[PDB]
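> I have a structure I would like to understand better, so I am pasting it below and will then ask my questions one at a time.
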Amino acid sequence: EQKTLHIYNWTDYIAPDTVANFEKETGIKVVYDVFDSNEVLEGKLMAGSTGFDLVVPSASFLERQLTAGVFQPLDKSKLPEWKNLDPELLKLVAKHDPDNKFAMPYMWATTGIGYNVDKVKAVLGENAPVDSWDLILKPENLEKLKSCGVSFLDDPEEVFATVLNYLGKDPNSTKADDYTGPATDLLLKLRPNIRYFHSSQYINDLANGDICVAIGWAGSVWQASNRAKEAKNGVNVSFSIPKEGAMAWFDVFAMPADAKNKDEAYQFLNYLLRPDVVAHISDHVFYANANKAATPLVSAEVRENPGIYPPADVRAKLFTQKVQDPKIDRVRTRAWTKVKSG
Ligand SMILES: [Cl-]
């Protein structure tokens, strides 16, 4: 009988031939579906009976569901290359998944500033503060960049944390007043200069020159940069992990508790743990993978990019998302609607 495997992953988060290569090597039929919204994935998981054997949630969402019985523990004896994973990244993911019981770290990155090098330098000068959140969180700078286009993510959790860190508050403040007060105060001063709040349109807009500065996910900004280079359109997109720090986050593979094809799922996970497999993915999607054995195999342009693989001094400035109580979640959501309506 045919062996089958159903995977649900983000768009633009695998190499073009990863699945084909796996099928050639193993004889397993893969059904590979994609989503571009975390809201979509989580709704399906909470409803249950998804039909997926492997899914790719955020590490933070995993914490919220470790008690909901959504996932089943990973049998590490079926993953002999588990030893290839970076122990430091396992520790960070274990903040949401104690003892790394349910999740295999896949890729990770930061939320920083993507920008058009030429347009930012034209408007703010040669010494534009591209190494600082000042570039996009000082109203005086956004007023000058307004005409060339400014985008923020449509993501209250990441944007509020970014603002709180910049203001010198706890990035993960549990104080409702921090969100409704100082954080909202700054966002309302910036708001008239922001063209839109959206978590994917900025990728193509950066690549085509339609916006000049964005809050964005590192690898997606690097994808925009590469798309502009492949189009030979002369647009120069870069990305900055600013000097004040930034949020780091981790996407993981996990196995729904009702998965029908568990043996095949473990074959695919151990396939991903082979160093060349995940290095090849990083080469194509411009995200750092969590496999320490894989790093030397990654192309120089990606591995040596400190906005993809940050060195120790930059990693020390990164913070991670803490899961908040529902009451803070709702304050955050309410305040974000007010910010956007401004
Ligand atoms: Cl995360």
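Letters for chains follow the order of the structure tokens (A, B, ...), residue numbers begin at 1 for each chain, and ligand numbers begin at 1 in the order shown.
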At a cut-off of 6 Å and counting only C-alpha atoms and all ligand atoms, what residues surround ligand 1? Please answer as a PyMOL selection string.

chain A and resi 58-60+249-250

> Find the residues around residue 224 in chain A up to 8 Å (only C-alpha atoms counted), leave out those fewer than 6 positions away in its own chain, and share them as JSON, numbers by chain.

{"A": [203, 204, 206, 207, 237]}

> Compare A:337, A:67, A:180, A:261 by their minimum atom-to-atom distance to residue 31 in chain A, counting only C-alpha atoms, and give me the closest one.

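Result for the nearest residue to residue 31 in chain A: A:261.
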
> Near range 299-311 of chain A, within 6 Å and counting only C-alpha atoms, which residues show up once chain neighbours fewer than 2 positions away are dropped, as a list in words?

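Those residues are residues 288, 313 and 314 of chain A.
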
> Using DSSP on the backbone coordinates, identify the residues of range 87-296 of chain A assigned to helix (DSSP H, G or I); present them as a ChimeraX atom specification.

/A:87-94,98-100,117-124,134-137,139-148,156-167,176-193,201-208,218-230,262-273,275-285,295-296

> For residue 298 in chain A, which residue among A:318, A:277, A:79, A:231 is the nearest when counting only C-alpha atoms?

A:277

> So, with only C-alpha atoms as the atoms that count, which of A:114, A:275, A:242, A:69 lies closest to residue 222 in chain A?

A:114

> Using only C-alpha atoms, which residue out of A:30, A:89, A:254, A:243 lies closest to residue 109 in chain A?

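Going through A:30, A:89, A:254, A:243 one by one, the smallest distance to residue 109 in chain A is for A:89.
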